[PDB]
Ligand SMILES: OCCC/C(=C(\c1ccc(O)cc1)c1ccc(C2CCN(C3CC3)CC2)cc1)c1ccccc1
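Let's start with one chain on its own, the form solved without this ligand, as structure tokens.
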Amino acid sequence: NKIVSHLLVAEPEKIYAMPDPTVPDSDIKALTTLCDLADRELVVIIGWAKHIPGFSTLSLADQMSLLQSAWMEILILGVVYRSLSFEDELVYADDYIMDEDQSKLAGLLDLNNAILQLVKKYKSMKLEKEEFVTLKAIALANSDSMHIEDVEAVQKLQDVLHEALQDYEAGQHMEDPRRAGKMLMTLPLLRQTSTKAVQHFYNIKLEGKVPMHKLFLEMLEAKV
């Protein structure tokens, strides 16, 4: 399927967390590192979205609305995917892998446990890269922004990506004629986990102890 092949080639290079080796380990260090990484990933996500067939033909306001609604789901899906061959650890980046103990220290035990639940589900389904990239695009298109100008164009973008998923599954997974639907049925937990992450980091923002860069702040403010 061509849309799937295109999404695979459009998949961005990974980036490094680069935690500051001169700074003592603390909750503030961990959270600063993650927020800094997210800020840089957000730049990469914006560039990636322009490769999705039809996205750039939407008005700028609608492009903004989709990204404002979906950004954390896209970030989370990336962590989930990188974590699939790991056990009880989350690969935020190749140089930043959080186990349970580190999650507790960062005050992220509940959030990271929910992300691990998504990992566990996809592990059991043997999620493939083809399926990952297609679901990332579907999460963007299906992000439920209240502010869409051209609802019919957004529905068509949803349709295009949904068709690519169904087609991929029909060709590659004849053994399970419901596999496309099972993939779509993982989106509620992704949405739930994203909401949790957004609310947690917004609280962190309000508390004022973790410095945050401007893009990350902009995207956080737009969501709450």
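Throughout, we count residues from 1 along the sequence that is shown.
Keep in mind that the form deposited with this ligand bound is not shown, yet the notes after this line are about it.
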Ligand-site obstruction classification: this ligand, superposed in the deposited complex, backbone or C-beta within 2.4 Å: blocked
Proximity of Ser143 to this ligand in the deposited complex, heavy atoms at 4.5 Å: no
Contact flag, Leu58 vs this ligand in the deposited complex, heavy atom cut 4.5 Å: no
Proximity of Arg82 to this ligand in the deposited complex, heavy atoms at 4.5 Å: yes
Contact test in the deposited complex: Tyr92 vs this ligand, heavy atoms, 4.5 Å: yes
The unique member of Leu157, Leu165, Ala49, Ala197 whose heavy atoms fall within 4.5 Å of this ligand in the deposited complex: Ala197
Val119, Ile148, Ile138, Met72 - the one with a heavy atom within 4.5 Å of this ligand in the deposited complex: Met72
Contact stretch among 58 to 66, 26 to 34, 157 to 165, 172 to 180 - heavy atom within 4.5 Å of this ligand in the deposited complex: 26 to 34
